[PDB]
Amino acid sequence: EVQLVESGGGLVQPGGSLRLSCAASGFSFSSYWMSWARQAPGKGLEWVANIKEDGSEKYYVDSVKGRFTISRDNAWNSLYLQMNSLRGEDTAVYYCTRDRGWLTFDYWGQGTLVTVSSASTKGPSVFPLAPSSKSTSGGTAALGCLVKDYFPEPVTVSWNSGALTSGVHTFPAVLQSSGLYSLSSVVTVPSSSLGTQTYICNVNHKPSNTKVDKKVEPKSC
């Protein structure tokens, strides 16, 4: 069985460096081109670099040309990706792959996450997503919380301390260019409840030991 195992992923700050490595087994490693591919979270695949069976040729995608160096060690069945001048754009799962020829990756490792951020642990700032002043006339209304600028993941969100679960959806987080995560949580409620029922999102960010309870009110306007 062909097996490829990446290691070396982690958090690194912009301008920083990081070395990935891949341990290959189950085939004649030194008979094959090898390649790195990557994938920003929730985004598409991108080829990164490849390297000829004997290492005499290395090639890189334009985004990493000159920042990243790929190398291999045929006696130790190992493939490397030296990453330098790292950027938030480079936050991705990086995959070790076997290239059976012409940028055809017939075997893939499980991938290793590289997160590029200058962020330190930071609790979130929570902003209300107040229900539409139009939806306010009756029926149902969506309201929510915008949970901004925290690090690291995860936050959890409850509503009314867990008394409100129906029609709640807490979205996955985005990593903003700032290096910090944001997410939103939304709940649909009866519009007739908006002047009598208080709605509070409870945002827990354990990494910072921070809990924020934000009351989400209809807008004055």
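One-based numbering along the sequence shown.
For the two regions 182-190 and 60-68, the entry's Cα B-factors average higher over 60-68. Of the two segments examined, 146-154 and 81-89, it is 81-89 that shows the higher average Cα temperature factor in the deposited entry.
Note on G111, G138, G123, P128: the highest value goes to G138, judged by CA B factor as recorded. Which of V2, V5, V216, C221 has the largest Cα B-factor in the deposited entry comes down to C221.
Ranked within its chain, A23 lands in the middle third, by CA B factor from the PDB record.
Per-chain ranking of the deposited C-alpha B factor places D73 in the highest third. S35: CA B factor lies in the middle third for its chain, per the PDB record.
When the modelled residues of the chain are ordered by C-alpha B-factor, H169 sits in the lowest third. In this PDB entry, the Cα temperature factor of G162 sits in the bottom third of its chain's modelled residues, the lowest group.
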